[PDB]
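Scroll down for the structure; my scribbles are underneath it.
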Amino acid sequence: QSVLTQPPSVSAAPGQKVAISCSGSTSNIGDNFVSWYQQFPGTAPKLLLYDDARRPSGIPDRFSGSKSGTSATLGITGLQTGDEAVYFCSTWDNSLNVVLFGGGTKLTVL
Amino acid sequence: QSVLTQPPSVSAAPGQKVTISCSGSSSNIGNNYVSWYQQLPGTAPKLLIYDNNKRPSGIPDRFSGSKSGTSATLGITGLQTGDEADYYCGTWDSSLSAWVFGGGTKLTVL
Amino acid sequence: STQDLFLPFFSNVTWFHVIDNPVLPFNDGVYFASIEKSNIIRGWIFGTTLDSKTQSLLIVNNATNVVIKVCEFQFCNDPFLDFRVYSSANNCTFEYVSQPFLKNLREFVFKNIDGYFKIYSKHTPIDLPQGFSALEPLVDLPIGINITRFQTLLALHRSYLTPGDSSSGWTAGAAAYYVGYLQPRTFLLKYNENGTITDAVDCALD
Amino acid sequence: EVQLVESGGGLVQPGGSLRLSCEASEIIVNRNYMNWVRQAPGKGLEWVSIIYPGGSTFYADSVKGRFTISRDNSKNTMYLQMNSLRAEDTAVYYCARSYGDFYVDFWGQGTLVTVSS
Amino acid sequence: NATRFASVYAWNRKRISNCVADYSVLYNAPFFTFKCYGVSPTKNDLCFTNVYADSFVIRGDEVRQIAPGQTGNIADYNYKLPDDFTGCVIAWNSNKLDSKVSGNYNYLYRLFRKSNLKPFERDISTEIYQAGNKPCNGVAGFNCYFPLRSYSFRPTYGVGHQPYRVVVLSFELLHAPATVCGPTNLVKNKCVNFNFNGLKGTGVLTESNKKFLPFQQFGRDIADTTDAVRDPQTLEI
Amino acid sequence: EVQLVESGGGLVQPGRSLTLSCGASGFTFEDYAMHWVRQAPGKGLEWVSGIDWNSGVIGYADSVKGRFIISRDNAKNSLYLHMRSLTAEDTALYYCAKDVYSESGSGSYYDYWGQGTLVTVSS
Ligand SMILES: *[C@@H]1O[C@H](CO)[C@@H](O)[C@H](O)[C@H]1NC(C)=O
Ligand SMILES: *[C@@H]1O[C@H](CO)[C@@H](O)[C@H](O)[C@H]1NC(C)=O
Ligand SMILES: *[C@@H]1O[C@H](CO)[C@@H](O)[C@H](O)[C@H]1NC(C)=O
């Protein structure tokens, strides 16, 4: 059972570019699309991307990014003190046939 | 013509595992579930094995049931005196739309 | 030469205003009109009681869609649309949606016969005009219900969901709508070369 | 305690008619799939009839048409109407509850039946 | 051609109306069964106001239970066809698609119930069936059975235990304008009998040149002679 | 305009079953293939079950196979998940997620999420 592998936590000063890497294998990310979800504390997670690049209307432009291979990546800039949240990488599996999810990475504004 | 075939008798000494084989056309035992009943003398059949492997309601252990292709097998590690009874194998023959039972084995302890 | 439920030529149809929309009887169908610059007359409610006691009907030409429902809401004593001011609750049976129905003069004929509702219509660019225009069929709603009383709706600005606006309220743009009742008559219609009615002769006016 | 007790068994002439009955306690015969199975002395259980929750009945080949199974309205008891008997109906009929079509969990004690003069 | 099919206890009912139903494409995995009750399958020129497609996955030996006036595990408790069914029970083996080992428990059937199903009744409820005096208390136990039981399909079983996908098409006729007219081609320019939804006549049909307004479905000349007609199927004047 | 209401949320004992019965509003129900995603407190998301427009299930998570039964009615606009034989690890908050597709498994993105309900399983 392959599992998506996000970084446990991330920290960066405001303004810089922040990388969140969801690492998997050929069956999960190497063959299909990955989407990314944003969760604030005490809130229902919401769409922040899809099709590995595209963004839902309202999706922060500052947070965008696509990666190839077995890994996907999200890039963030203009980190406002409100952008502290948890980011999930969602993926489908072609072999095991069950949707996989990322562990979750929390973003801190220093 | 489907009616499962069972050896007329099987005999073993105590301490020797006893194997009983119920064979029938794959119309009823290859597509449905075997079940195995024990009839002590002058009594009423008592369910022994159900659903091709299980052992219900705490039947004395070491009683095993297996299904190989178009055949079913019952096994008793050792040949205890109390286990002496008639043994029957039953499947729901959908072609005849009828419960079909085996010939019955006269288990005798040597 | 057709005998059916027509509006007797030169009847005197009631006049109404917006600057009060009381319930009205529905004898044998209704010829309904409207004259305004901006759409203020939005929809109608039909039924024998216009309440949850018996089955009723609602037609509304929304901003982009016409919604037709027959499910007997608890209509407010002063139904209104700004939505949801009119209806309260309902279990629905029939439902229909289509394109919107419409210094302009609308027109409609509502007739319910043999368990079938029928709506005609003619939107025109414009004291009813002295001219003449035939009303092409628009829908034929198969619904087995009784309709004896109807009431129009409006789109004014200031009003309360509760029936608090009695004999007073928001004074919107002037919206005059006319109502006449159809009698069973026999006209001799004149189809022209393409099948477009151009005149009609009442067979008992004079 | 769970129990099924059956009565109606005795000598009878060929072509006779009997109403065997299955009485159910701790269980409700108007729901669990109930079955009538038989075994002539020195012979093998043979499926006679199964009654479904919904009233549907199934009978074997040899026992078709002549017989009938029925489910009482309120007595919590089931009955076999055996009619048009022959020599091959000598039996020790049992009534048994059968989870679905898979296995026969509970068996009644046994009610002899004889076809002779 | 859907990727997955509904369990037999929660069958779907995709209402179909206001379209042209070509019934030929259905003829095609080898259609081990294509029966019809009420209408002759062989060669679609009737108009029905509603077509209901009820689709599910039943094992092979129980395809014979999808039939009017039939009883058993499937017809009594899961899917009950009426005594006057008009439609076509289509079926086909699907051991390639619907028989994985990760998807064992995707297909369940209702093994227990208190009464037969009223024709075309769906019960998704999962109330613990009570088959005893003692209350079940909402937890399964002795004489307290959970109704739904799993097929647990395997690819190595027989052709009598393998998932035979099934689709039941019911054609229905109310006192409302029928719209499911699925294409009969009819000859033009030559004297020919025409039967337009019961409008029977004989004549020479020609490309019309008169402008019927969209609310008009007939054409009358002077003295009420039927001069033009529109096809209730392809809407041609 | 898309509100997803939940239900059936409340403490349940270690062995009793439960029925979470999501709802819907403001969108066509039988066109979209809904889901059910749980989240244990202090942890990330864990997919629990899926379903399609024909109510043909997608498959359950490996940990909950054979004890969760997901169904739906497109008439009552609902999506039920009858939990059977719960345990300690099954405590979580259950979002009634959504999918834009009707086939669920070409790599789909789940748009609208309900506020979820909390199921706690303790003595
Ligand atoms: C609506 O509800 C009323 C009151 O319960 C009931 O009498 C009626 O049959 C219902 N009608 C429909 C269409 O469900
Ligand atoms: C309309 O009223 C008549 C006369 O009482 C009654 O017979 C009929 O059922 C009513 N219509 C409907 C739709 O119930
Ligand atoms: C009828 O249609 C023809 C062709 O468009 C047009 O020339 C003629 O004026 C029309 N007659 C009327 C006014 O209906």
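Simple scheme: letters A, B, ... for chains in structure tokens order, numbers from 1 for residues in each chain, numbers from 1 for ligands in the order shown.
For residue 50 in chain B, the list of residues within 8 Å, based on only C-alpha atoms and with local chain neighbours fewer than 4 positions off taken out, reads residues 34, 35, 36, 54, 55 and 56 of chain B; 102 and 103 of chain D.
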Grab the residues selected above and save them as a short mmCIF file (atom, residue, chain, number, x, y, z; two decimals), in the first residue's frame with N, CA and C atoms.
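As a result, again.cif now contains:
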data_model
loop_
_atom_site.label_atom_id
_atom_site.label_comp_id
_atom_site.auth_asym_id
_atom_site.auth_seq_id
_atom_site.Cartn_x
_atom_site.Cartn_y
_atom_site.Cartn_z
N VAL B 34 -21.18 -25.74 0.44
CA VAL B 34 -21.37 -27.03 1.13
C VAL B 34 -21.74 -26.72 2.57
N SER B 35 -22.21 -27.70 3.32
CA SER B 35 -22.48 -27.53 4.76
C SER B 35 -22.40 -28.96 5.25
N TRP B 36 -22.07 -29.23 6.51
CA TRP B 36 -21.86 -30.65 6.90
C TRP B 36 -22.60 -31.00 8.18
N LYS B 54 -16.53 -22.72 7.99
CA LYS B 54 -16.74 -22.24 9.35
C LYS B 54 -17.12 -23.37 10.31
N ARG B 55 -17.07 -23.05 11.60
CA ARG B 55 -17.44 -23.95 12.68
C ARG B 55 -18.33 -23.20 13.65
N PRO B 56 -19.62 -23.48 13.69
CA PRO B 56 -20.55 -22.62 14.42
C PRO B 56 -20.60 -22.93 15.91
N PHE D 102 -28.50 -21.77 2.78
CA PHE D 102 -27.10 -22.16 2.96
C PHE D 102 -26.93 -23.35 3.89
N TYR D 103 -27.61 -23.36 5.03
CA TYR D 103 -27.44 -24.44 5.99
C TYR D 103 -28.64 -24.50 6.92
#
Would you mind listing, as a count of residues only, all residues of chain E that have at least one atom within 9 Å of chain F, where only C-alpha atoms are what counts?
24
Mind listing as a ChimeraX atom specification which residues of chain F are within 12 Å of chain A, counting only C-alpha atoms?
/F:3-4,35-51,57-63,65,93-100,104-117
Write a file of the just-selected residues containing N, CA and C atoms, as a CSV table (one decimal), in the first residue's frame.
chain,number,residue,atom,x,y,z
F,3,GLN,N,-25.2,23.6,0.1
F,3,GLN,CA,-25.1,23.2,1.5
F,3,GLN,C,-25.2,21.7,1.6
F,4,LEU,N,-24.3,21.1,2.4
F,4,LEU,CA,-24.4,19.6,2.6
F,4,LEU,C,-24.6,19.5,4.1
F,35,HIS,N,-19.3,11.3,-1.9
F,35,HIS,CA,-18.3,10.6,-1.1
F,35,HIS,C,-18.5,10.7,0.4
F,36,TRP,N,-17.7,10.2,1.2
F,36,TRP,CA,-17.7,10.3,2.7
F,36,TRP,C,-16.3,10.2,3.2
F,37,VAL,N,-15.7,11.2,3.7
F,37,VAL,CA,-14.4,11.3,4.1
F,37,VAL,C,-14.3,11.7,5.6
F,38,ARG,N,-13.6,10.9,6.4
F,38,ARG,CA,-13.5,11.1,7.8
F,38,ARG,C,-12.2,11.8,8.2
F,39,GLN,N,-12.1,12.4,9.3
F,39,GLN,CA,-10.9,12.9,9.9
F,39,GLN,C,-10.8,12.7,11.4
F,40,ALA,N,-9.9,12.0,11.8
F,40,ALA,CA,-9.7,11.8,13.3
F,40,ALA,C,-9.1,13.1,13.8
F,41,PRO,N,-9.4,13.5,15.1
F,41,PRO,CA,-8.9,14.7,15.6
F,41,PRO,C,-7.4,14.7,15.7
F,42,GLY,N,-6.8,15.8,15.3
F,42,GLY,CA,-5.3,15.9,15.3
F,42,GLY,C,-4.6,15.1,14.3
F,43,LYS,N,-5.3,14.8,13.2
F,43,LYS,CA,-4.8,14.0,12.1
F,43,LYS,C,-5.3,14.5,10.8
F,44,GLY,N,-4.8,14.0,9.7
F,44,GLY,CA,-5.2,14.3,8.3
F,44,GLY,C,-6.4,13.5,7.9
F,45,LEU,N,-6.8,13.7,6.7
F,45,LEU,CA,-8.0,13.1,6.1
F,45,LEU,C,-7.8,11.6,5.8
F,46,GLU,N,-8.8,10.9,5.9
F,46,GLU,CA,-8.8,9.4,5.6
F,46,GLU,C,-10.1,9.1,4.8
F,47,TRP,N,-9.9,8.8,3.6
F,47,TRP,CA,-11.0,8.4,2.7
F,47,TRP,C,-11.8,7.2,3.3
F,48,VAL,N,-13.1,7.3,3.3
F,48,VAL,CA,-13.9,6.2,3.9
F,48,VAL,C,-14.8,5.5,2.9
F,49,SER,N,-15.5,6.3,2.1
F,49,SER,CA,-16.3,5.6,1.1
F,49,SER,C,-16.6,6.5,0.0
F,50,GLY,N,-17.0,5.9,-1.2
F,50,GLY,CA,-17.4,6.6,-2.3
F,50,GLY,C,-18.7,6.0,-2.9
F,51,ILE,N,-19.3,6.7,-3.9
F,51,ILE,CA,-20.5,6.2,-4.6
F,51,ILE,C,-20.6,7.0,-5.9
F,57,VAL,N,-21.3,1.3,-5.8
F,57,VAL,CA,-20.2,1.7,-4.8
F,57,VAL,C,-18.8,1.6,-5.5
F,58,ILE,N,-17.9,2.5,-5.0
F,58,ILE,CA,-16.5,2.5,-5.5
F,58,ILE,C,-15.7,1.5,-4.8
F,59,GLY,N,-15.9,1.4,-3.5
F,59,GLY,CA,-15.0,0.6,-2.6
F,59,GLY,C,-14.7,1.4,-1.4
F,60,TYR,N,-14.5,0.6,-0.3
F,60,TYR,CA,-14.3,1.2,1.0
F,60,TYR,C,-12.8,1.2,1.3
F,61,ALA,N,-12.4,2.0,2.3
F,61,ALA,CA,-11.0,1.9,2.8
F,61,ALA,C,-10.7,0.5,3.3
F,62,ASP,N,-9.4,0.1,3.3
F,62,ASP,CA,-9.0,-1.2,3.6
F,62,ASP,C,-9.4,-1.5,5.1
F,63,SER,N,-9.3,-0.5,6.0
F,63,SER,CA,-9.6,-0.7,7.4
F,63,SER,C,-11.1,-0.9,7.7
F,65,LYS,N,-13.5,-2.3,5.4
F,65,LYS,CA,-14.2,-3.1,4.4
F,65,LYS,C,-15.0,-4.2,5.1
F,93,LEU,N,-14.5,13.1,12.6
F,93,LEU,CA,-15.5,14.0,12.1
F,93,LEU,C,-15.7,13.7,10.6
F,94,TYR,N,-16.9,13.5,10.1
F,94,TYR,CA,-17.2,12.9,8.8
F,94,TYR,C,-17.7,14.0,7.9
F,95,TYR,N,-16.9,14.4,7.0
F,95,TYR,CA,-17.4,15.3,5.9
F,95,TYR,C,-18.1,14.5,4.8
F,96,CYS,N,-19.2,15.1,4.3
F,96,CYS,CA,-19.9,14.5,3.2
F,96,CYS,C,-19.4,15.2,2.0
F,97,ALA,N,-18.2,14.8,1.5
F,97,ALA,CA,-17.6,15.5,0.4
F,97,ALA,C,-18.3,15.3,-0.9
F,98,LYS,N,-17.8,15.8,-2.0
F,98,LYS,CA,-18.5,15.8,-3.3
F,98,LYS,C,-17.4,15.6,-4.4
F,99,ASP,N,-17.9,15.2,-5.5
F,99,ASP,CA,-17.0,15.0,-6.7
F,99,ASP,C,-17.6,15.7,-7.9
F,100,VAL,N,-16.8,16.3,-8.7
F,100,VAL,CA,-17.3,17.0,-9.9
F,100,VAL,C,-17.8,16.0,-10.9
F,104,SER,N,-15.6,9.1,-10.7
F,104,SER,CA,-14.9,9.0,-9.4
F,104,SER,C,-13.7,8.0,-9.5
F,105,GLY,N,-12.6,8.4,-10.0
F,105,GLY,CA,-11.5,7.5,-10.2
F,105,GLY,C,-10.7,7.7,-11.4
F,106,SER,N,-10.8,8.8,-12.1
F,106,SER,CA,-9.9,9.3,-13.1
F,106,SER,C,-9.0,10.3,-12.5
F,107,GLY,N,-8.8,10.3,-11.2
F,107,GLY,CA,-8.1,11.4,-10.6
F,107,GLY,C,-9.1,12.6,-10.4
F,108,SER,N,-9.9,12.5,-9.4
F,108,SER,CA,-11.0,13.5,-9.4
F,108,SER,C,-10.7,14.6,-8.3
F,109,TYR,N,-11.4,15.7,-8.4
F,109,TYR,CA,-11.2,16.8,-7.4
F,109,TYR,C,-12.5,16.9,-6.7
F,110,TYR,N,-12.5,16.9,-5.3
F,110,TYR,CA,-13.7,17.0,-4.5
F,110,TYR,C,-14.0,18.5,-4.2
F,111,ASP,N,-15.0,19.0,-4.8
F,111,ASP,CA,-15.3,20.5,-4.7
F,111,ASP,C,-15.9,20.8,-3.3
F,112,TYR,N,-17.1,20.6,-3.1
F,112,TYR,CA,-17.9,21.1,-1.9
F,112,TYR,C,-17.8,20.1,-0.8
F,113,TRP,N,-17.6,20.6,0.4
F,113,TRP,CA,-17.5,19.8,1.6
F,113,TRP,C,-18.5,20.3,2.6
F,114,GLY,N,-19.3,19.4,3.2
F,114,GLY,CA,-20.1,19.7,4.3
F,114,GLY,C,-19.3,20.1,5.6
F,115,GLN,N,-20.0,20.7,6.5
F,115,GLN,CA,-19.3,21.1,7.8
F,115,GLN,C,-19.0,19.8,8.6
F,116,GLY,N,-19.6,18.7,8.3
F,116,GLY,CA,-19.3,17.5,9.0
F,116,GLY,C,-19.9,17.3,10.4
F,117,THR,N,-20.0,16.1,10.8
F,117,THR,CA,-20.5,15.7,12.1
F,117,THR,C,-19.5,14.9,12.9
Give the strand (DSSP E or B) residues of chain C, as assigned by DSSP on the backbone, as a ChimeraX atom specification.
/C:2-6,14-15,24-25,30-36,43-47,56-61,66-70,94-98,104-113,116-121,124-125,136-142,149-152,176,178-181,183-187,191,197,202
At a cut-off of 7 Å, using only C-alpha atoms, what residues contact residue 25 in chain A? Leave out same-chain residues fewer than 5 positions from it and give the result as a short mmCIF file (atom, residue, chain, number, x, y, z; two decimals) with N, CA and C atoms, in the first residue's frame.
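The result, written out as result-v2.cif:
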data_model
loop_
_atom_site.label_atom_id
_atom_site.label_comp_id
_atom_site.auth_asym_id
_atom_site.auth_seq_id
_atom_site.Cartn_x
_atom_site.Cartn_y
_atom_site.Cartn_z
N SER A 2 1.06 1.83 -1.18
CA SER A 2 1.79 3.09 -1.28
C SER A 2 0.99 4.21 -0.63
N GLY A 30 2.59 9.05 -10.38
CA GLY A 30 3.24 8.81 -11.65
C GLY A 30 2.30 8.55 -12.81
N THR A 70 7.37 11.11 -9.80
CA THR A 70 6.54 10.50 -8.76
C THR A 70 6.10 11.49 -7.69
#
Near residue 171 in chain E, counting only C-alpha atoms, which residues have an atom at most 12 Å away, once you skip same-chain residues fewer than 6 positions from it, shown as a PyMOL selection string?
chain E and resi 15-17+21+36-39+44+46-54+84-89+178-181
Just N, CA, C and O atoms for this one: save the residues we selected as a compact mmCIF listing (two decimals), in the first residue's frame.
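Below you can see again.txt, which holds the result:
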# COMPACT_ATOMS: atom_id res chain seq x y z
N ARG E 15 -34.54 7.37 -15.54
CA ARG E 15 -35.65 7.77 -16.38
C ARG E 15 -35.13 8.33 -17.69
O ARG E 15 -34.20 9.14 -17.71
N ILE E 16 -35.73 7.90 -18.80
CA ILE E 16 -35.33 8.31 -20.13
C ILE E 16 -36.55 8.80 -20.88
O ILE E 16 -37.56 8.09 -20.98
N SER E 17 -36.47 10.03 -21.38
CA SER E 17 -37.57 10.67 -22.09
C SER E 17 -37.00 11.79 -22.95
O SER E 17 -35.87 12.24 -22.74
N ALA E 21 -34.61 6.95 -29.09
CA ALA E 21 -33.95 5.75 -28.54
C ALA E 21 -33.59 4.77 -29.63
O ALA E 21 -34.47 4.04 -30.06
N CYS E 36 -37.66 -10.36 -23.82
CA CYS E 36 -38.62 -9.26 -23.79
C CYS E 36 -39.99 -9.82 -23.46
O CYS E 36 -40.40 -10.85 -24.00
N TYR E 37 -40.70 -9.14 -22.56
CA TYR E 37 -42.02 -9.55 -22.10
C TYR E 37 -43.00 -8.42 -22.40
O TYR E 37 -42.93 -7.36 -21.77
N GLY E 38 -43.89 -8.65 -23.36
CA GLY E 38 -44.92 -7.70 -23.73
C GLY E 38 -44.73 -7.09 -25.11
O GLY E 38 -45.72 -6.70 -25.74
N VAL E 39 -43.49 -7.00 -25.58
CA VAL E 39 -43.18 -6.43 -26.89
C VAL E 39 -42.19 -7.35 -27.60
O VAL E 39 -41.31 -7.93 -26.96
N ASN E 44 -38.86 -1.28 -32.75
CA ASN E 44 -38.46 -0.05 -32.10
C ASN E 44 -39.27 1.15 -32.57
O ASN E 44 -39.01 2.28 -32.12
N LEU E 46 -42.24 2.18 -31.95
CA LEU E 46 -43.32 2.59 -31.07
C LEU E 46 -42.85 3.72 -30.16
O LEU E 46 -41.66 3.83 -29.85
N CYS E 47 -43.80 4.55 -29.74
CA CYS E 47 -43.50 5.74 -28.96
C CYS E 47 -44.02 5.57 -27.54
O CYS E 47 -45.22 5.31 -27.34
N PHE E 48 -43.14 5.71 -26.56
CA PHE E 48 -43.47 5.58 -25.15
C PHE E 48 -43.14 6.88 -24.43
O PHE E 48 -42.15 7.54 -24.76
N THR E 49 -43.97 7.25 -23.46
CA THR E 49 -43.76 8.52 -22.77
C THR E 49 -42.60 8.43 -21.77
O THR E 49 -42.06 9.47 -21.38
N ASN E 50 -42.22 7.22 -21.37
CA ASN E 50 -41.17 7.04 -20.37
C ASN E 50 -40.51 5.69 -20.56
O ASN E 50 -41.21 4.68 -20.77
N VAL E 51 -39.18 5.65 -20.50
CA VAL E 51 -38.44 4.40 -20.45
C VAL E 51 -37.64 4.39 -19.16
O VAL E 51 -36.81 5.27 -18.93
N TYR E 52 -37.89 3.40 -18.31
CA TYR E 52 -37.14 3.26 -17.07
C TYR E 52 -36.13 2.13 -17.22
O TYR E 52 -36.50 0.99 -17.51
N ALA E 53 -34.86 2.46 -17.01
CA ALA E 53 -33.78 1.47 -17.04
C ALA E 53 -33.38 1.20 -15.60
O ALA E 53 -32.85 2.08 -14.92
N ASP E 54 -33.65 -0.01 -15.13
CA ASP E 54 -33.24 -0.45 -13.81
C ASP E 54 -32.04 -1.37 -13.96
O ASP E 54 -32.17 -2.45 -14.53
N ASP E 84 -47.66 -7.92 -15.18
CA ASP E 84 -47.89 -7.43 -16.55
C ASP E 84 -46.68 -6.64 -17.05
O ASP E 84 -46.90 -5.55 -17.61
N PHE E 85 -45.47 -7.14 -16.89
CA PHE E 85 -44.27 -6.35 -17.25
C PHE E 85 -44.23 -6.15 -18.76
O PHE E 85 -44.53 -7.12 -19.47
N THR E 86 -43.92 -4.95 -19.24
CA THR E 86 -43.72 -4.71 -20.69
C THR E 86 -42.31 -4.17 -20.85
O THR E 86 -42.12 -3.01 -20.52
N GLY E 87 -41.36 -4.94 -21.36
CA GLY E 87 -39.99 -4.44 -21.43
C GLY E 87 -39.00 -5.53 -21.72
O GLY E 87 -39.43 -6.61 -22.06
N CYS E 88 -37.71 -5.26 -21.57
CA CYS E 88 -36.74 -6.28 -21.98
C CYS E 88 -35.61 -6.51 -20.99
O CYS E 88 -34.68 -5.75 -21.05
N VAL E 89 -35.60 -7.64 -20.29
CA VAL E 89 -34.53 -8.00 -19.33
C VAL E 89 -33.25 -8.36 -20.07
O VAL E 89 -33.17 -9.49 -20.45
N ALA E 178 -46.27 11.29 -25.67
CA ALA E 178 -45.14 10.38 -25.75
C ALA E 178 -44.03 10.99 -26.58
O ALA E 178 -44.27 11.62 -27.62
N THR E 179 -42.79 10.81 -26.12
CA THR E 179 -41.66 11.45 -26.78
C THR E 179 -40.49 10.52 -27.07
O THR E 179 -39.59 10.93 -27.82
N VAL E 180 -40.46 9.30 -26.54
CA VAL E 180 -39.37 8.36 -26.81
C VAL E 180 -39.77 7.61 -28.07
O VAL E 180 -40.33 6.52 -28.03
N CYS E 181 -39.46 8.21 -29.22
CA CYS E 181 -39.73 7.61 -30.52
C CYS E 181 -38.38 7.29 -31.15
O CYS E 181 -37.65 8.21 -31.55
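One finds CA of residue 95 in chain D at 20.9 Å from CA of residue 16 in chain D.
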